[PDB]
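A single chain, nothing else alongside it, follows as structure tokens in the form deposited in one PDB entry.
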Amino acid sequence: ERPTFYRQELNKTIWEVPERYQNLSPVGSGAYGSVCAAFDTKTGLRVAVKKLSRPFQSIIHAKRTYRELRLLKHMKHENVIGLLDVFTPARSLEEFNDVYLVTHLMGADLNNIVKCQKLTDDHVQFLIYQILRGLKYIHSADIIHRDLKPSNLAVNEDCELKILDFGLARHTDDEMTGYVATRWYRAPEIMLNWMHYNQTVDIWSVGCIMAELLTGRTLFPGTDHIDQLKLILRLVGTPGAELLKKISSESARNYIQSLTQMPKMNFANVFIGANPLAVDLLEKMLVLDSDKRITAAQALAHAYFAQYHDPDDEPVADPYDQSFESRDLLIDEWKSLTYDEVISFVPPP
């Protein structure tokens, strides 16, 4: 049955939410939504509430709304953000116009950790183990993150980690331009649109994150796309014939061949003092040819994680139907599908 809703304005935005959510306080805003911290009096949890901005104003926006709702309703894993609640003030499809998503409040991220704390080898093990455990689950459903970086990893006081996506706007060209953390974690094949990419892009990003936890410094802090490519190839070596053939962009292929050939560096001399097992795992993640990178499931069994690995407690996902991705539909059609998913939501136990 329908809860009672109350109204308030916070930063020239109307919020209409069930009474159970108290003490709304703005924590972020962007082209695709606005977020408030709140207290859920029904569960006793600190929560985040996201109000989608203009969810049905174009086909593009309407498909994106449906996409996020489908993804959050599916994800049920300890190291991955889940959906606590979803609501609308609308009493019918006819008046349906706003969509609110509720999750655990994710109050500290990994950027805060690396910036403000001393991490031991054991901390690195636990944190990277959790990211790989979550990635095994997400990848098992053929979901690719594509934007893993420290700011998308939430870490509580007990060092327990969840993967999310805080982005409240679009990755435009301008956004990826210059000396920016928005690009430092991206696999080269997407940075430079070399070929059709796949889930292995996320493993490149984990390699970058793990190196920064070990040294305290960004692995590839490029001043632009080309400077960053040079930093990468200096470390892992210029590509060979086999990889070159796989770069389907004739243009990208011709540029990379203009560069003086360089060998792969000695990672023990780059990561001075690091656990040899950590050096070995980084060599297996930071491979230019995405075909040859270690997978998340493979990495969980690597000797580096012997202290944490439990093959009976690394679950996979239920089948995830994303046939909708291929479908062209009108706005009112995407809006109706979204409504059906709002109406059918069942809270976690």
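The first residue of the shown sequence is 1; numbering continues from there. Each form is matched to the other, and the largest set of C-alpha atoms that superpose within 1.5 Å is called the rigid core.
For the cut-off of one third of the other compared entries, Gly167 qualifies: that many or more give it no coordinates while modelling its flanks.
Of the other compared PDB entries of this protein that include residues on both sides, at least a third leave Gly178 without atoms. In this entry, the higher average B-factor at the C-alpha atoms falls on 10 to 18, of the pair 10 to 18 and 327 to 335. In this entry, the higher average B-factor at the C-alpha atoms falls on 24 to 32, of the pair 64 to 72 and 24 to 32. Between the residues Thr120, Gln228, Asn79, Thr215, the entry's highest C-alpha temperature factor is the one at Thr120.
Among the modelled residues of the chain, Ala211 sits in the middle third by CA temperature factor in this PDB entry. Among all modelled residues in its chain, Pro319 ranks in the lowest third by Cα B-factor. The deposited CA B-factor of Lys162 belongs to the lowest third of values across its chain. In the deposited entry, the Cα temperature factor of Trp204 sits in the middle third of values across the chain's modelled residues. In this PDB entry, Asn97 carries a Cα temperature factor that places it within the highest third of its chain's modelled residues.
We do not show the form deposited with a small molecule bound, though everything after this point is about it.
Of the heavy atoms in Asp313, none are within 4.5 Å of the small molecule in the deposited complex.
Remark: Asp289 counts among the residues lining the small molecule in the deposited complex, judged by a heavy atom distance of 4.5 Å or less. For the chain shown alone, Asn269 is not a contact residue for the small molecule in the deposited complex, no non-hydrogen atom being within 4.5 angstroms. Remark: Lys264 does not count among the residues lining the small molecule in the deposited complex, judged by a heavy atom distance of 4.5 Å or less. Taking a 4.5 Å heavy atom cutoff to the small molecule in the deposited complex, the contact residue among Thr223, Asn275, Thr215, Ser249 is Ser249. Just one of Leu235, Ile209, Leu243, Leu161 comes within 4.5 Å of the small molecule in the deposited complex, counting any heavy atom, and that one is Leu243. Proximity to the small molecule in the deposited complex, taken as heavy atoms within 4.5 Å, picks out 186 to 194 from the listed stretches 275 to 283, 87 to 95, 186 to 194, 123 to 131. Core-based superposition between the shown form and the other one leaves all of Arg253, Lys73, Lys264, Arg146 but one with CA shifts under 2 Å; the exception is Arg253. Fitting the two forms on the rigid core leaves the C-alpha of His196 displaced by at least 2 angstroms between the shown form and the other one. Once the rigid core is used as the reference frame, the Cα position of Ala274 differs between the shown form and the other one by less than 2 Å. Core-superposed comparison between the shown form and the other one: the CA of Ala90 stays below a 2 Å shift. A change of 3 Å or more separates the two forms for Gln261 and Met195: their C-alpha atoms lie farther apart in the deposited complex.
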